[PDB]
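Written out below as structure tokens is the structure these notes cover.
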Amino acid sequence: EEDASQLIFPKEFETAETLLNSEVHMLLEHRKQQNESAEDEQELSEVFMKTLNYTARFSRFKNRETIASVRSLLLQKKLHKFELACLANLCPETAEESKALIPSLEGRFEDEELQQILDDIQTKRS
Amino acid sequence: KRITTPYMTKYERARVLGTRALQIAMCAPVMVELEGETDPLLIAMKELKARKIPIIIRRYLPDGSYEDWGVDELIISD
Amino acid sequence: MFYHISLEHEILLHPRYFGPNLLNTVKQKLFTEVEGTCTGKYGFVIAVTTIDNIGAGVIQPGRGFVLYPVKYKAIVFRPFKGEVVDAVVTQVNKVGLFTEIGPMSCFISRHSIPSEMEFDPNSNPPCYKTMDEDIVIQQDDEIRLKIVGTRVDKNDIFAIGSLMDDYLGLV
Amino acid sequence: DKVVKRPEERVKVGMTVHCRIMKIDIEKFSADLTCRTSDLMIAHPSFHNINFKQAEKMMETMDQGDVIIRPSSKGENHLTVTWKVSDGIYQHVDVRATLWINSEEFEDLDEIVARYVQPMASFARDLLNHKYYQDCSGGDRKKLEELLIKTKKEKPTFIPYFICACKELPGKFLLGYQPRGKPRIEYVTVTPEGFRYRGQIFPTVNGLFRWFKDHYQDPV
Amino acid sequence: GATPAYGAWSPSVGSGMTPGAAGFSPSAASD
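Chains as they are written, first to last, in my numbering: chain A, 18 to 143; chain B, 40 to 117; chain C, 634 to 804; chain D, 3 to 222; chain E, 11 to 41.
Printed below as a string of structure tokens:
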């Protein structure tokens, strides 16, 4: 029954806080910067290393202000939290591609209304 | 706004001494200079006399509320 | 998908650790207790960002161990079905394609792959191309996919991908 | 060993002895294994890679200001800093004198002393050159009291003062005076930044004296 | 250990009464 396509999740996960690829990347980078210092400390694990190199290959933008601006311009809409991560991460070129990838957008908003947002996101990309 | 008695009941004193003795016997740091004794119960008694036991008692009331007292806060009976 | 939620956990602390660094030791144990693990309820946890507070350690009766119900603000990664993500292809085999969704690895079958993407066993690097050889897909490529199934192998998530929907390849 | 007892210490009889192999004679039933172990192959901060009783034997030679860092003898990952205070008086700062510090300082120990011992050492030495200074065999409580009553008689009008440092509790100076025919004692602590007299902390050493010479007139 | 904390002791101040007159020496300049 758990299918993100139809916007259904467990109660505990419903109240979660979405994260973006750049957001998690900078969080992990700062954690690594803090941990590397303060000698006599248990070093990072392969999980941390793999997650770091996995998120580093999809950092659409390095500027925390870029992250802030995109989330601020996005939250003003009526879309659910789940729509804030996938759409902000994939950065599709056209509204048709976005609608095809995410079935939720089908009929939820106008074509130009979504296309302008997609163009804004692409532009915001560094 | 604590209304429980400001004296340590014999029950609480006994239990505190016992628990501190067990902790010491489990190689825990002491809170008083040792004059050359080894018995954990004796060390616990000395700490109780010196009012340095790092333990706080939580007295529950019939209603459901509770009050946290520090061993170094309330008066010791014996 | 990565998320930032507040979790709770309790740890017993052996009395040998009592001292001026009690809180520090509790934090260290929490770090090296709830990092990298996985659970079927909240999913796979990456790391811990910060700690909310330290509860009141309740010394057990007749035992020196004292438990601290600490609540920590950490992040978690619990992919769900139907979500679309961008992974990197790790290996190409006639049996299937192997990718790496961060802390998780999926796998797609040739049946999921359309008929247009044939095999290239003759070429040294295992790769799939079309008749016109215009589009090329190989390893170390940011290829997208859709999570159509999930699985937890005793705290080891291993989902399954798919390549049927259009617009799944090079951006 | 050739014409003497067979080599027993060099080669383990019955057991296996480790030695450097300098010959490959497996096929020839030879083993050129060497039985010998060799075959197989002012402000002078010192260091110490020691106990407490034996350490005191090497503290009375250095002059004032020579600081020495040694391990601790209470727990683990602890250090004790000892700086020369006076003749026989030594403060053993047991760093967990609960001096709270971080862990990054462990890598470089060239600033802990220069930040909390050097100024404190200078302040302590400032009192050593004081005009009215004495030791009285380590400054014992039984010997420092008779001096006040023996010195008041020669000058009942003028009430002089003295300063000394105790031996059983290093780092606590005794500043006594005789308001009347009854002795009184007042301790004082020397903090890293300065002193701690009546709860106040002064920036300079002379500040304590200047503030003390204007507050002992009260009846108390 | 045989070397407990020495700087952690709280210096207790002694109390008393001495109704004396003001006839002691003056102060000095801090320079």
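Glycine is no exception: its CB is placed at the ideal position from the N, C-alpha and C atoms.
Residue i, DSSP secondary structure in three states
i      : result
C:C671 : strand
C:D685 : strand
D:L101 : coil
E:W19  : coil
D:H46  : coil
D:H132 : coil
D:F108 : helix
C:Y650 : helix
D:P172 : coil
A:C103 : helix
E:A39  : coil
A:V87  : helix
D:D41  : helix
D:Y118 : helix
A:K95  : coil
A:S115 : helix
D:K157 : coil
A:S22  : helix
A:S121 : helix
D:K4   : coil
C:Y636 : strand
C:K762 : strand
A:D136 : helix
B:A53  : helix
Chain C within 8 Å of residue i, Cβ atoms only
i      : result
B:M65  : yes
B:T58  : yes
B:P68  : yes
A:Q139 : no
A:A112 : no
B:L61  : yes
A:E31  : no
A:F26  : yes
A:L135 : no
A:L107 : yes
A:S143 : no
Any chain A beta carbon closer than 8 Å to residue i
i      : result
C:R743 : no
C:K727 : no
C:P736 : yes
C:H647 : no
C:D685 : no
C:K662 : no
C:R784 : no
Nearest-angstrom beta carbon gap, residue j and residue i [assumed within contact, 8 Å]
i      : j      : result
D:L171 : D:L146 : So it is not a contact: roughly 14 Å between Cβ atoms.
C:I780 : C:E716 : 5 Å
C:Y705 : C:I687 : With 8 Å as the limit, C:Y705 and C:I687 do not qualify as a contact, their Cβ atoms being about 10 Å apart.
D:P158 : E:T28  : Contact doesn't hold; Cβ gap of about 16 Å is too wide.
C:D789 : C:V722 : Actually they are not in contact, since the Cβ atoms of C:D789 and C:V722 sit about 21 Å apart, beyond 8 Å.
A:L90  : A:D137 : 7 Å
A:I84  : A:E34  : Not really, about 14 Å apart at Cβ, beyond 8 Å.
D:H132 : D:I165 : 6 Å
A:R74  : A:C108 : Wrong, their Cβ atoms sit about 14 Å apart, outside the cutoff.
C:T783 : C:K714 : 6 Å
C:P653 : D:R22  : Rounded, the Cβ-Cβ distance is 50 Å, inconsistent with contact.
D:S105 : A:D20  : Contact doesn't hold; Cβ gap of about 48 Å is too wide.
Below-8 Å beta-carbon distance, residue i vs any chain E residue
i      : result
D:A33  : no
D:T63  : no
D:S75  : yes
D:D96  : yes
D:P221 : yes
Within chain F, partners of residue i - CB distance below 7 Å
i     : result
A:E19 : No chain F appears in the structure shown, which is made up of the protein chains A, B, C, D and E.
Beta-bridge pairing of residue i - partner residues as DSSP gives them
i      : result
C:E641 : C:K704
C:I741 : C:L730
C:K779 : C:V717
D:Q180 : Bridge partners of D:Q180: none, in fact.
D:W85  : D:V69, D:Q93
Closer than 8 Å to chain B by CB, residue i
i      : result
C:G688 : no
Using Cβ-Cβ distances below 8 Å, what residues of the region 45-56 of chain A are close to chain D?
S54, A55, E56
Below 9 Å between beta carbons is the criterion; list the residues of the region 104-122 of chain D that meet it against any residue of chain A, in chain order.
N104, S105, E106, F108, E109
Would you list, in chain order, the members of the region 764-780 of chain C that have their beta-carbon closer than 9 Å to a beta-carbon of chain A?
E775, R777, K779, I780
Taking beta-carbon pairs under 8 Å, can you tell me which members of the region 162-194 of chain D lie near chain E?
Of all residues in the region 162-194 of chain D, only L171, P172, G173, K174, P181, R182, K184, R186, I187, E188, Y189, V190, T191 place a beta-carbon less than 8 Å from a beta-carbon of chain E.
Just by C-beta distance, which residues in the region 690-707 of chain C are closer than 7 Å to chain B?
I692, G697
Please identify, using Cβ separations under 8 Å, the residues of the region 56-88 of chain A that lie next to chain C, in order along the chain.
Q59, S62, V64, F65, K67, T68, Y71, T72, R74, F75
Can you pull out the residues from the region 208-220 of chain D whose beta carbon lies closer than 7 Å to at least one beta carbon of chain E?
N208, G209, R212, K215, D216, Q219
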